[PDB]
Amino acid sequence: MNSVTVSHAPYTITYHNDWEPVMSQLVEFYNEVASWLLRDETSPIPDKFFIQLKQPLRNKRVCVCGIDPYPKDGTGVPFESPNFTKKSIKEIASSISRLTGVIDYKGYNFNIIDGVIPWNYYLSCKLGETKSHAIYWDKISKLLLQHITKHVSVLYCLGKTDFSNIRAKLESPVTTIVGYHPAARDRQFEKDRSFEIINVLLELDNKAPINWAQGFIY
């Protein structure tokens, strides 16, 4: 819809109107930091940092959140792996396959599920190094996730360590689940039932469940 300019790359940020209330501060915060983060090659590329701000928030009832993008090949859409190559998304798809009974599929994407907004807490990383840009995104990450949590009924974070003390410092009343990361040891993600629990919590808040099968690609 609308656009806003910033003094460093990617220069323009196009945003859906639901994000308006935070854009002014986003610009201030990004300008203060961008120079530091663009030194490094990144995942995703700078033109893709903010494409998830084109998504609406008012139709969203669940946020599924990872700490930062894939160390390589980040597309700007959290969790997205267009050629279905990344371990995280393969493990997620398996979980939902067992849950939904859908056995034959070629990919999975959170971004095409009604009511779900997939999110990366930090919006970039130094290529090949997870959590490398935490110190730069800090204030922005808090700002944007606070805004998301005013719309969604449930926040689902993936990674017990990654999200230990970040969720305590979010200052939001929103119902929160911190589950295992897909690559957690001893198959703990495979025994994790957060996808089911989400729908129970949504039902308790007088909201429709998420149909997790909508994420499949054929």
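Just count from 1 along the sequence shown to find any residue number.
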Could you settle it for me: does 26-34 or 167-175 have the higher average Cα B factor in the PDB entry?
-> 167-175
Of 89-97 and 115-123, the stretch whose C-alpha atoms average the higher B-factor in the entry = 89-97
Return the residue from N83, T75, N109, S141 that has the highest Cα B-factor in the entry.
-> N83
Entry-reported C-alpha B-factor of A183 relative to its chain, by third, is highest
How does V102 rank on Cα B-factor within its chain, lowest, middle or highest third?
-> highest
Among all modelled residues of this chain, ranked by Cα B factor, put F195 in the bottom, middle or top third, i.e. lowest, middle or highest.
-> lowest
Ordered by C-alpha B-factor within the chain, which third holds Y218? Give me lowest, middle or highest, please.
-> highest
Where does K60 sit by CA temperature factor within its chain: lowest, middle or highest third?
-> lowest
